[PDB]
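Before any questions on how it binds or moves, here is one chain, the form deposited in one PDB entry, in structure tokens.
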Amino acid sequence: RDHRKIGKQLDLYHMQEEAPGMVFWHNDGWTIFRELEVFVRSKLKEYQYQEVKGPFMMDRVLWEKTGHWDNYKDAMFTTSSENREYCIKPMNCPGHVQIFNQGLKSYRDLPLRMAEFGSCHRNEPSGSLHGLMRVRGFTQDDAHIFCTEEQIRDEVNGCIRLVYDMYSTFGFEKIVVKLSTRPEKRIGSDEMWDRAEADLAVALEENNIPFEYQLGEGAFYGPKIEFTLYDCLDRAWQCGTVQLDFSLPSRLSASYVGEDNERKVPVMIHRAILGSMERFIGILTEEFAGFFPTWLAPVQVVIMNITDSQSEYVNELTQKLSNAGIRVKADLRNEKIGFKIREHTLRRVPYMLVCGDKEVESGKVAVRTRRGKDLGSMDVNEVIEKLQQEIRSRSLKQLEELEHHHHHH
């Protein structure tokens, strides 16, 4: 089932014609986006990345210098102020290079790993738009690594390791990998492309990763390893990408002082792990058919009463779970228990805590899941500890559950 239908069902986002391919993230979809940012940040910390933010627009002159204007013109939105023309950024790399270019850099500063949740706009043909998977405004979990020639192997290897490490959290382990080689419109010499292409192929080989070439699909500035994930119709979507660039730094006058006090141009590795937040959310939505892992679930727990008699109890518990950091909602409606459960199941809420008279008495809760399972009564404190552990460990599967819902086995 399509992520667009599931997105409406869970009130995650919408789009209008007033803004084709521009996403409106509602509260619950934004919750997912934000949790993914937190997850990526935990990895940026561990793998020692800076995190920056570059501006939305820069002078067209800068975009001409990179080769974007010649090779990327059709896709760029432009605007102007006071007789000067600006491009809304389609990529974050040039901004990163401008940051690099502030202050003298030395070999001591390398590898310099510079991440950004970088908002890009690309004027994708309106015929090619597709839900969250192909929009016009999207946010990459981007980074550029500025390094020496001698550091390419280790740094490309690090990016590859990070892809599998992050994808394993979602249960994606058998990943389809491509090496996209020099496109017809490109900058840089043949010799530079032969080297960059060999370097990426050797890294994949060294990591024992099977891949195929994809002829002519590289970026204008360098070849790309692509990590493909599949949607519900098995369409291939580029998500992770690791790219090797011997051209942009030089075009933008990037340099550092080497060990012999000579001026050197840094190599730049580009990579995104999730790809874009929008595309990755669309993929997860379809793969899990909206059964997001508890850490990602917009609403983690719903606590419900049978009658008005338990309203006070449900309210205390909701407050208690909320202070414990759990995303929790009360459902106090005069509706049958089965009716409530069906609704919150369609809403894909991991856990539903049913409070009848006996629950109020014993200070317990009757626990149901969105997979139709009855986990009996549990102590409130026990439920809290078990949920907190499920959240903190970013567990793919629920209490007492063998297999989470996922389309591709």
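So that there is no doubt, residue numbering starts at 1 and follows the sequence shown.
The protein also exists as the form deposited in another entry; that form is not presented, and the subsequent description refers to it.
Of the two rigid parts that account for the shift between the shown form and the other one, the one holding residue 52 holds residue 140 as well. In summary, the C-alpha positions of residue 117 and residue 220 diverge in the other entry, ending up at least 3 angstroms farther from each other than in this conformation. The distance between the CA atoms of residue 183 and residue 57 is at least 3 Å longer in the other entry than in the form shown here.
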